[PDB]
file work.txt (compact mmCIF, C-alpha atoms (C1' of nucleotides))
# COMPACT_ATOMS: atom_id res chain seq x y z
CA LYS A 140 0.00 0.00 0.00
CA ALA A 141 1.82 3.06 1.33
CA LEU A 142 5.03 1.06 0.96
CA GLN A 143 5.04 2.47 -2.59
CA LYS A 144 5.23 6.08 -1.43
CA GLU A 145 7.65 5.24 1.38
CA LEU A 146 9.98 3.59 -1.15
CA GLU A 147 9.60 6.61 -3.43
CA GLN A 148 10.54 9.04 -0.65
CA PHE A 149 13.49 6.84 0.30
CA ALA A 150 14.63 6.73 -3.33
CA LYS A 151 14.46 10.51 -3.72
CA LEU A 152 16.50 11.00 -0.57
CA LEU A 153 18.88 8.28 -1.81
CA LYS A 154 19.43 10.21 -5.03
CA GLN A 155 20.10 13.34 -2.99
CA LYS A 156 22.68 11.61 -0.78
CA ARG A 157 24.39 9.98 -3.76
CA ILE A 158 24.67 13.31 -5.57
CA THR A 159 25.88 15.02 -2.39
CA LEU A 160 28.52 12.36 -1.66
CA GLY A 161 30.10 12.48 -5.13
CA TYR A 162 29.61 8.80 -5.99
CA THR A 163 28.73 7.43 -9.41
CA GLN A 164 26.28 4.55 -9.73
CA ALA A 165 29.08 2.21 -10.79
CA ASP A 166 30.94 3.41 -7.70
CA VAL A 167 27.79 2.68 -5.68
CA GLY A 168 27.79 -0.87 -7.00
CA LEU A 169 31.48 -1.21 -6.19
CA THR A 170 30.88 0.01 -2.62
CA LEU A 171 27.96 -2.39 -2.20
CA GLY A 172 30.21 -5.21 -3.40
CA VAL A 173 33.12 -4.33 -1.11
CA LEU A 174 30.82 -3.91 1.90
CA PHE A 175 28.43 -6.85 1.40
CA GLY A 176 29.90 -9.04 -1.34
CA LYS A 177 26.89 -8.81 -3.70
CA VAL A 178 28.22 -6.27 -6.19
CA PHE A 179 25.44 -4.82 -8.33
CA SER A 180 25.65 -3.27 -11.78
CA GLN A 181 24.94 0.39 -12.41
CA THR A 182 21.85 -0.47 -14.45
CA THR A 183 20.18 -1.76 -11.28
CA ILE A 184 20.99 1.49 -9.46
CA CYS A 185 19.63 3.49 -12.41
CA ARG A 186 16.38 1.51 -12.45
CA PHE A 187 16.20 1.97 -8.67
CA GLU A 188 16.62 5.75 -8.61
CA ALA A 189 14.16 5.99 -11.50
CA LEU A 190 11.90 3.43 -9.74
CA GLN A 191 11.84 0.96 -12.63
CA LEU A 192 12.50 -2.34 -10.83
CA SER A 193 9.68 -4.59 -9.70
CA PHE A 194 8.10 -4.35 -6.25
CA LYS A 195 9.71 -7.50 -4.85
CA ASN A 196 13.09 -6.35 -6.14
CA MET A 197 12.32 -2.89 -4.74
CA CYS A 198 11.93 -4.31 -1.24
CA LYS A 199 14.89 -6.66 -1.72
CA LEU A 200 17.35 -3.84 -2.44
CA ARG A 201 15.88 -1.44 0.13
CA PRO A 202 17.92 -2.79 3.10
CA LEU A 203 21.33 -2.86 1.41
CA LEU A 204 21.05 0.77 0.35
CA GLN A 205 19.71 1.73 3.78
CA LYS A 206 22.77 0.18 5.40
CA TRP A 207 25.17 1.78 2.93
CA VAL A 208 23.77 5.28 3.43
CA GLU A 209 23.73 4.79 7.20
CA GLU A 210 27.33 3.51 7.28
CA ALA A 211 29.37 5.33 4.61
CA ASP A 212 28.94 8.77 6.23
CA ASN A 213 31.77 8.21 8.72
CA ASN A 214 34.92 7.82 6.60
CA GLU A 215 35.39 7.48 2.84
CA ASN A 216 39.16 7.22 2.34
CA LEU A 217 39.62 3.71 3.76
CA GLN A 218 36.56 2.43 1.90
CA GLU A 219 37.91 3.90 -1.34
CA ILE A 220 41.33 2.32 -0.78
CA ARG A 230 30.79 -11.40 -7.47
CA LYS A 231 28.84 -10.33 -10.55
CA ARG A 232 26.25 -12.50 -12.21
CA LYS A 233 28.62 -13.06 -15.16
CA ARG A 234 26.44 -12.77 -18.26
CA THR A 235 28.34 -13.79 -21.39
CA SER A 236 27.07 -12.20 -24.59
CA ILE A 237 26.31 -14.04 -27.83
CA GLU A 238 27.73 -12.67 -31.06
CA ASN A 239 25.54 -12.47 -34.14
CA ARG A 240 27.05 -15.36 -36.11
CA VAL A 241 26.71 -17.67 -33.10
CA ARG A 242 23.11 -16.47 -32.80
CA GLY A 243 22.46 -17.26 -36.46
CA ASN A 244 24.09 -20.68 -36.19
CA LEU A 245 22.00 -21.55 -33.14
CA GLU A 246 18.84 -20.36 -34.90
CA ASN A 247 19.83 -22.65 -37.78
CA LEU A 248 20.20 -25.45 -35.21
CA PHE A 249 16.59 -24.74 -34.33
CA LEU A 250 13.66 -25.25 -36.74
CA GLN A 251 14.79 -28.91 -36.90
CA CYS A 252 15.22 -30.18 -33.30
CA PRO A 253 13.49 -27.94 -30.74
CA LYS A 254 14.71 -29.79 -27.62
CA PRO A 255 18.11 -31.41 -28.21
CA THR A 256 19.63 -33.94 -25.84
CA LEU A 257 22.66 -33.27 -23.66
CA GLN A 258 24.65 -35.49 -26.03
CA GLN A 259 23.97 -33.00 -28.84
CA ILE A 260 24.33 -30.04 -26.46
CA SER A 261 27.95 -30.97 -25.73
CA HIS A 262 28.69 -31.11 -29.46
CA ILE A 263 27.01 -27.74 -30.00
CA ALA A 264 29.01 -26.20 -27.16
CA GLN A 265 32.31 -27.54 -28.50
CA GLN A 266 31.40 -26.43 -32.03
CA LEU A 267 30.71 -22.80 -31.15
CA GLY A 268 33.18 -22.48 -28.29
CA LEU A 269 30.54 -21.65 -25.68
CA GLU A 270 30.35 -22.95 -22.12
CA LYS A 271 28.02 -25.88 -21.50
CA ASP A 272 26.02 -24.01 -18.86
CA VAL A 273 25.80 -20.92 -21.07
CA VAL A 274 24.48 -22.96 -23.99
CA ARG A 275 22.03 -24.83 -21.74
CA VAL A 276 20.54 -21.66 -20.26
CA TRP A 277 20.41 -19.99 -23.67
CA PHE A 278 18.59 -23.05 -25.02
CA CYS A 279 16.12 -22.86 -22.15
CA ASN A 280 15.45 -19.17 -22.76
CA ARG A 281 15.09 -19.79 -26.50
CA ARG A 282 12.39 -22.33 -25.70
CA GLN A 283 10.89 -19.87 -23.22
CA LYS A 284 10.55 -16.97 -25.64
CA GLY A 285 9.32 -19.26 -28.41
CA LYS A 286 6.64 -20.58 -26.05
CA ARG A 287 5.61 -17.04 -25.09
CA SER A 288 3.75 -16.77 -28.40
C1' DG B 1 4.57 -46.01 2.66
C1' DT B 2 6.36 -41.71 3.66
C1' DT B 3 9.73 -37.95 3.00
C1' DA B 4 13.67 -35.59 0.96
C1' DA B 5 16.20 -34.75 -3.36
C1' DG B 6 16.41 -34.25 -8.71
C1' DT B 7 14.01 -32.68 -12.82
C1' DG B 8 11.77 -30.02 -15.63
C1' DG B 9 8.62 -25.68 -16.44
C1' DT B 10 7.64 -20.87 -16.11
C1' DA B 11 8.12 -16.29 -13.65
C1' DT B 12 11.28 -12.78 -11.98
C1' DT B 13 15.95 -10.36 -12.05
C1' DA B 14 19.71 -8.12 -13.30
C1' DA B 15 23.67 -7.23 -16.32
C1' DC B 16 25.34 -6.24 -21.40
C1' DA B 17 25.66 -3.02 -25.82
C1' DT B 18 24.48 0.74 -27.27
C1' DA B 19 21.64 4.84 -27.17
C1' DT B 20 21.36 9.63 -24.98
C1' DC B 21 22.73 13.39 -22.29
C1' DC B 22 25.76 16.65 -18.76
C1' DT B 23 29.38 19.03 -18.24
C1' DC B 24 33.69 20.76 -19.13
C1' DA B 25 37.50 21.99 -22.19
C1' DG B 26 39.30 24.05 -26.71
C1' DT B 27 38.70 27.49 -30.79
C1' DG B 28 37.13 31.56 -32.65
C1' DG B 29 33.64 35.85 -34.72
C1' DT B 30 32.75 39.78 -33.29
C1' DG B 31 33.48 43.61 -30.77
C1' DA B 32 36.23 46.96 -27.92
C1' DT C 1 46.13 43.89 -29.41
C1' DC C 2 42.28 41.62 -25.21
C1' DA C 3 37.08 39.48 -23.77
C1' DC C 4 33.86 36.36 -24.19
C1' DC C 5 30.24 34.30 -25.12
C1' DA C 6 28.72 31.27 -28.86
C1' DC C 7 29.63 26.81 -30.48
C1' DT C 8 30.84 22.16 -30.44
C1' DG C 9 33.21 17.78 -29.49
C1' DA C 10 34.90 14.24 -25.87
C1' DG C 11 34.56 11.30 -22.02
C1' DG C 12 32.21 10.05 -18.42
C1' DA C 13 28.11 9.25 -16.68
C1' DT C 14 23.25 8.01 -16.91
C1' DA C 15 18.67 5.72 -19.43
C1' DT C 16 17.01 2.21 -22.59
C1' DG C 17 16.16 -2.81 -25.22
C1' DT C 18 17.36 -6.82 -24.66
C1' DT C 19 18.31 -10.90 -23.27
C1' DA C 20 21.73 -14.81 -19.53
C1' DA C 21 20.83 -16.20 -15.23
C1' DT C 22 18.77 -17.25 -11.43
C1' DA C 23 14.92 -18.40 -8.71
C1' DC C 24 10.03 -20.48 -7.27
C1' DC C 25 6.91 -24.45 -8.01
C1' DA C 26 4.70 -29.04 -9.50
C1' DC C 27 5.91 -33.55 -10.66
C1' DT C 28 8.41 -37.73 -10.11
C1' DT C 29 11.89 -40.72 -7.99
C1' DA C 30 15.07 -42.70 -4.45
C1' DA C 31 16.03 -44.13 0.64
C1' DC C 32 14.74 -46.63 5.51

call {"tool": "encode", "arguments": {"input": "work.txt", "output": "structure tokens"}}
result
Amino acid sequence: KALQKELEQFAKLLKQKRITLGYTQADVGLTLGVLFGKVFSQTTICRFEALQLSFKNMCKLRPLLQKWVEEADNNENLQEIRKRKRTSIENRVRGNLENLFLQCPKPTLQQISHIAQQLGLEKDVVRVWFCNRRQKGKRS
DNA sequence: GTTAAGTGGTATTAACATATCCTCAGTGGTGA
DNA sequence: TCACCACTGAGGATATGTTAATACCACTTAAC
């Protein structure tokens, strides 16, 4: 209910403290990583300050930012002194994988290993990309 | 026979590439 | 021979589109 407006007020004050403290959003992610271990990317901080993330995510990142703003005010010099690695797919690999579809929608792990070795991609990367391919094709 | 773990299936989540934009530095047309 | 504001480009820093990656849940399967 009013949690929406309370989050919004917190986010506006958070923007004000970030601008006052002279920290970039990438620097905010770096500080969160070096003070908690869960380093976040600057896109998440952007979507936070603009209030773009979902409600559950909104509540999930509320406490970390609360702690950072309540702690970093003491000393900055010592603080100044674990990403969800997300490998990209280049266009020719994308085209080759699309070619691998339209014939066998759900390949076996035996074929998955061959596909991974053929295009030089990690097995887990190819497996998750295959799952998301199925997912977006089943959307429609 | 019951209960905990593995397997998928689908919803959320969060980072990448590139698209915009802020701000500051470098050059100069015009004026004095 | 001086000012300077206008004018614009560069790099860093934000907003987007988009999709790897994880995470939550129903179903089956293995252990005592």

call {"tool": "interface_residues", "arguments": {"input": "work.txt", "of": "chain B", "to": "chain A", "cutoff": "9 Å", "atoms": "only C-alpha atoms (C1' of nucleotides)", "output": "MDAnalysis selection string"}}
result
chainID B and resid 10 12:16

call {"tool": "interface_residues", "arguments": {"input": "work.txt", "of": "chain C", "to": "chain A", "cutoff": "12 Å", "atoms": "all atoms listed in the file", "output": "PyMOL selection string"}}
result
chain C and resi 12-16+18-22

call {"tool": "atom_distance", "arguments": {"input": "work.txt", "atom1": "atom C1' of residue B:22", "atom2": "atom CA of residue A:220"}}
result
27.8 Å

call {"tool": "residues_around", "arguments": {"input": "work.txt", "residues": "residue C:30", "least_positions_apart": "4", "cutoff": "10 Å", "atoms": "all atoms listed in the file", "output": "PyMOL selection string"}}
result
chain B and resi 4-6

call {"tool": "write_last_selection", "arguments": {"input": "work.txt", "atoms": "C-alpha atoms (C1' of nucleotides)", "output": "JSON list (two decimals), in the coordinates of the input"}}
result
[["chain", "number", "residue", "atom", "x", "y", "z"],
["B", 4, "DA", "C1'", 13.67, -35.59, 0.96],
["B", 5, "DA", "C1'", 16.20, -34.75, -3.36],
["B", 6, "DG", "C1'", 16.41, -34.25, -8.71]]

call {"tool": "residues_around", "arguments": {"input": "work.txt", "residues": "residue A:201", "least_positions_apart": "3", "cutoff": "9 Å", "atoms": "only C-alpha atoms (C1' of nucleotides)", "output": "ChimeraX atom specification"}}
result
/A:146,149-150,196-198,204-206

call {"tool": "atom_distance", "arguments": {"input": "work.txt", "atom1": "atom CA of residue A:187", "atom2": "atom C1' of residue C:11"}}
result
24.5 Å

call {"tool": "atom_distance", "arguments": {"input": "work.txt", "atom1": "atom CA of residue A:159", "atom2": "atom CA of residue A:142"}}
result
25.3 Å

call {"tool": "residues_around", "arguments": {"input": "work.txt", "residues": "residue B:27", "least_positions_apart": "2", "cutoff": "12 Å", "atoms": "all atoms listed in the file", "output": "list in words"}}
result
residues 25 and 29 of chain B; 6, 7, 8 and 9 of chain C

call {"tool": "decode", "arguments": {"input": "work.txt", "residues": "chain C", "atoms": "N, CA and C atoms (P, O5', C5', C4', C3', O3' and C1' of nucleotides)", "output": "compact mmCIF listing (two decimals), in the first residue's frame"}}
result
# COMPACT_ATOMS: atom_id res chain seq x y z
P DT C 1 50.32 41.16 -31.50
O5' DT C 1 49.22 41.98 -30.68
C5' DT C 1 49.55 43.24 -30.11
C4' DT C 1 48.43 43.73 -29.20
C3' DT C 1 47.81 42.65 -28.30
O3' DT C 1 47.83 43.09 -26.95
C1' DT C 1 46.13 43.89 -29.41
P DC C 2 47.64 42.03 -25.75
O5' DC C 2 46.11 42.22 -25.32
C5' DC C 2 45.53 41.35 -24.35
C4' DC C 2 44.19 41.89 -23.88
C3' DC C 2 43.29 40.85 -23.22
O3' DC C 2 42.45 41.48 -22.25
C1' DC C 2 42.28 41.62 -25.21
P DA C 3 41.90 40.65 -21.00
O5' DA C 3 40.32 40.87 -21.05
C5' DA C 3 39.60 40.60 -22.25
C4' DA C 3 38.11 40.63 -22.01
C3' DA C 3 37.53 39.36 -21.43
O3' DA C 3 36.24 39.64 -20.90
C1' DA C 3 37.08 39.48 -23.77
P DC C 4 35.48 38.58 -19.96
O5' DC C 4 34.01 38.54 -20.58
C5' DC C 4 33.81 38.97 -21.92
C4' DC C 4 33.01 37.93 -22.69
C3' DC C 4 32.97 36.55 -22.04
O3' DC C 4 31.70 35.96 -22.26
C1' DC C 4 33.86 36.36 -24.19
P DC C 5 30.58 35.98 -21.11
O5' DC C 5 29.21 35.90 -21.93
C5' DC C 5 28.97 36.80 -23.00
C4' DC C 5 28.94 36.06 -24.33
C3' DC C 5 28.08 34.80 -24.34
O3' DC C 5 27.29 34.76 -25.53
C1' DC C 5 30.24 34.30 -25.12
P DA C 6 25.83 34.09 -25.50
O5' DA C 6 25.87 33.06 -26.73
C5' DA C 6 26.02 33.54 -28.06
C4' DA C 6 26.77 32.52 -28.91
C3' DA C 6 26.31 31.08 -28.73
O3' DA C 6 25.30 30.73 -29.72
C1' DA C 6 28.72 31.27 -28.86
P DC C 7 25.64 30.60 -31.30
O5' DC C 7 26.51 29.26 -31.42
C5' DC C 7 27.66 29.24 -32.27
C4' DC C 7 28.45 27.97 -32.07
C3' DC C 7 27.61 26.72 -31.80
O3' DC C 7 27.56 25.92 -32.98
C1' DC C 7 29.63 26.81 -30.48
P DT C 8 26.91 24.45 -32.95
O5' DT C 8 28.15 23.51 -32.59
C5' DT C 8 29.41 23.75 -33.20
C4' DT C 8 30.46 22.80 -32.65
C3' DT C 8 29.99 21.36 -32.48
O3' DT C 8 31.02 20.47 -32.89
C1' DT C 8 30.84 22.16 -30.44
P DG C 9 30.65 19.00 -33.43
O5' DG C 9 31.73 18.06 -32.72
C5' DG C 9 33.11 18.31 -32.92
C4' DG C 9 33.92 17.85 -31.72
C3' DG C 9 33.73 16.39 -31.32
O3' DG C 9 34.98 15.85 -30.91
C1' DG C 9 33.21 17.78 -29.49
P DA C 10 35.20 14.27 -30.87
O5' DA C 10 35.58 13.98 -29.34
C5' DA C 10 36.65 14.70 -28.74
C4' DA C 10 36.78 14.34 -27.27
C3' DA C 10 36.53 12.88 -26.93
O3' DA C 10 37.36 12.49 -25.86
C1' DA C 10 34.90 14.24 -25.87
P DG C 11 37.88 10.98 -25.76
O5' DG C 11 37.53 10.56 -24.26
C5' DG C 11 37.89 11.42 -23.20
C4' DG C 11 36.87 11.36 -22.09
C3' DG C 11 36.45 9.94 -21.68
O3' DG C 11 36.55 9.82 -20.27
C1' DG C 11 34.56 11.30 -22.02
P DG C 12 36.71 8.38 -19.58
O5' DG C 12 35.90 8.56 -18.21
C5' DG C 12 35.73 9.87 -17.67
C4' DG C 12 34.27 10.14 -17.39
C3' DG C 12 33.54 8.99 -16.70
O3' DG C 12 33.36 9.28 -15.33
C1' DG C 12 32.21 10.05 -18.42
P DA C 13 32.66 8.21 -14.36
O5' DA C 13 31.10 8.57 -14.48
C5' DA C 13 30.69 9.92 -14.34
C4' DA C 13 29.31 10.13 -14.92
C3' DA C 13 28.22 9.23 -14.33
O3' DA C 13 27.13 10.03 -13.91
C1' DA C 13 28.11 9.25 -16.68
P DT C 14 26.11 9.48 -12.80
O5' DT C 14 25.33 8.32 -13.56
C5' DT C 14 23.93 8.26 -13.48
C4' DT C 14 23.30 8.83 -14.73
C3' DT C 14 21.89 8.33 -15.01
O3' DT C 14 21.04 9.40 -15.32
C1' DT C 14 23.25 8.01 -16.91
P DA C 15 19.46 9.17 -15.31
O5' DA C 15 19.16 8.47 -16.71
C5' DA C 15 18.01 7.66 -16.87
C4' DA C 15 17.65 7.51 -18.33
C3' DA C 15 16.60 6.47 -18.62
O3' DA C 15 15.97 6.75 -19.85
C1' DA C 15 18.67 5.72 -19.43
P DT C 16 14.38 6.65 -19.97
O5' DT C 16 14.16 5.50 -21.06
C5' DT C 16 14.85 4.28 -20.93
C4' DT C 16 15.29 3.77 -22.29
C3' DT C 16 14.67 2.44 -22.70
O3' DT C 16 14.41 2.44 -24.09
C1' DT C 16 17.01 2.21 -22.59
P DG C 17 13.07 1.76 -24.65
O5' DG C 17 13.61 0.64 -25.66
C5' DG C 17 14.83 -0.01 -25.37
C4' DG C 17 15.14 -1.08 -26.40
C3' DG C 17 14.18 -2.24 -26.42
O3' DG C 17 14.36 -2.96 -27.63
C1' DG C 17 16.16 -2.81 -25.22
P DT C 18 13.66 -4.39 -27.83
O5' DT C 18 14.73 -5.41 -27.24
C5' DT C 18 16.09 -5.34 -27.64
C4' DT C 18 16.92 -6.35 -26.89
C3' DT C 18 16.20 -7.66 -26.59
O3' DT C 18 16.86 -8.72 -27.23
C1' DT C 18 17.36 -6.82 -24.66
P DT C 19 16.08 -10.09 -27.51
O5' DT C 19 17.01 -11.17 -26.80
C5' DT C 19 18.41 -11.00 -26.84
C4' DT C 19 19.01 -11.08 -25.45
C3' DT C 19 19.05 -12.49 -24.84
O3' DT C 19 20.37 -12.81 -24.51
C1' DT C 19 18.31 -10.90 -23.27
P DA C 20 20.80 -14.34 -24.32
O5' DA C 20 21.48 -14.37 -22.88
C5' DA C 20 22.54 -15.25 -22.63
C4' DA C 20 23.22 -14.90 -21.33
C3' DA C 20 23.51 -16.07 -20.44
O3' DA C 20 24.55 -15.74 -19.55
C1' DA C 20 21.73 -14.81 -19.53
P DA C 21 25.24 -16.88 -18.65
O5' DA C 21 24.34 -16.91 -17.34
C5' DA C 21 24.12 -15.71 -16.62
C4' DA C 21 23.07 -15.92 -15.55
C3' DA C 21 22.95 -17.35 -15.03
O3' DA C 21 23.73 -17.52 -13.85
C1' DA C 21 20.83 -16.20 -15.23
P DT C 22 23.55 -18.84 -12.95
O5' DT C 22 22.35 -18.47 -11.97
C5' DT C 22 22.35 -17.21 -11.32
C4' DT C 22 20.96 -16.84 -10.85
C3' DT C 22 20.40 -17.73 -9.74
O3' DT C 22 20.29 -16.98 -8.53
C1' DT C 22 18.77 -17.25 -11.43
P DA C 23 19.89 -17.72 -7.16
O5' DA C 23 18.29 -17.79 -7.20
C5' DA C 23 17.54 -16.59 -7.19
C4' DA C 23 16.07 -16.86 -7.43
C3' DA C 23 15.43 -17.88 -6.48
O3' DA C 23 14.22 -17.36 -5.97
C1' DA C 23 14.92 -18.40 -8.71
P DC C 24 13.56 -18.01 -4.65
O5' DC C 24 12.17 -18.59 -5.16
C5' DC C 24 11.11 -17.71 -5.48
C4' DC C 24 9.94 -18.46 -6.09
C3' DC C 24 9.34 -19.56 -5.21
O3' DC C 24 7.93 -19.56 -5.34
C1' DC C 24 10.03 -20.48 -7.27
P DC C 25 7.03 -20.57 -4.48
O5' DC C 25 6.63 -21.71 -5.54
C5' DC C 25 5.91 -21.35 -6.70
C4' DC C 25 5.60 -22.58 -7.54
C3' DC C 25 5.04 -23.77 -6.76
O3' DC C 25 3.98 -24.36 -7.48
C1' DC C 25 6.91 -24.45 -8.01
P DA C 26 2.96 -25.37 -6.75
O5' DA C 26 2.95 -26.65 -7.70
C5' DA C 26 2.38 -26.54 -9.00
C4' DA C 26 2.83 -27.70 -9.88
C3' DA C 26 2.35 -29.08 -9.43
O3' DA C 26 2.06 -29.87 -10.57
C1' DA C 26 4.70 -29.04 -9.50
P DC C 27 1.10 -31.15 -10.44
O5' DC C 27 2.08 -32.38 -10.71
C5' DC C 27 2.70 -32.52 -11.97
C4' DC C 27 3.97 -33.33 -11.86
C3' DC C 27 3.83 -34.68 -11.17
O3' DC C 27 3.64 -35.71 -12.13
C1' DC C 27 5.91 -33.55 -10.66
P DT C 28 3.43 -37.23 -11.67
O5' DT C 28 4.92 -37.80 -11.52
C5' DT C 28 5.84 -37.63 -12.58
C4' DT C 28 7.26 -37.88 -12.11
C3' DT C 28 7.55 -39.31 -11.66
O3' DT C 28 8.60 -39.86 -12.45
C1' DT C 28 8.41 -37.73 -10.11
P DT C 29 9.01 -41.41 -12.27
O5' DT C 29 10.18 -41.37 -11.18
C5' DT C 29 11.36 -40.62 -11.45
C4' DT C 29 12.33 -40.71 -10.28
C3' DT C 29 12.57 -42.12 -9.73
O3' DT C 29 13.95 -42.28 -9.43
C1' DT C 29 11.89 -40.72 -7.99
P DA C 30 14.57 -43.75 -9.23
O5' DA C 30 15.27 -43.69 -7.79
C5' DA C 30 16.45 -42.91 -7.60
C4' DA C 30 16.70 -42.64 -6.13
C3' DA C 30 16.94 -43.88 -5.27
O3' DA C 30 17.92 -43.60 -4.27
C1' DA C 30 15.07 -42.70 -4.45
P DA C 31 18.68 -44.81 -3.52
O5' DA C 31 18.27 -44.63 -1.98
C5' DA C 31 18.90 -43.62 -1.20
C4' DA C 31 18.22 -43.47 0.16
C3' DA C 31 18.28 -44.71 1.05
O3' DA C 31 18.44 -44.31 2.41
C1' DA C 31 16.03 -44.13 0.64
P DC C 32 19.21 -45.26 3.45
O5' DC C 32 18.10 -45.64 4.53
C5' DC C 32 17.60 -44.65 5.42
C4' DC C 32 16.43 -45.18 6.23
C3' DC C 32 16.66 -46.54 6.89
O3' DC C 32 16.13 -46.54 8.21
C1' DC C 32 14.74 -46.63 5.51
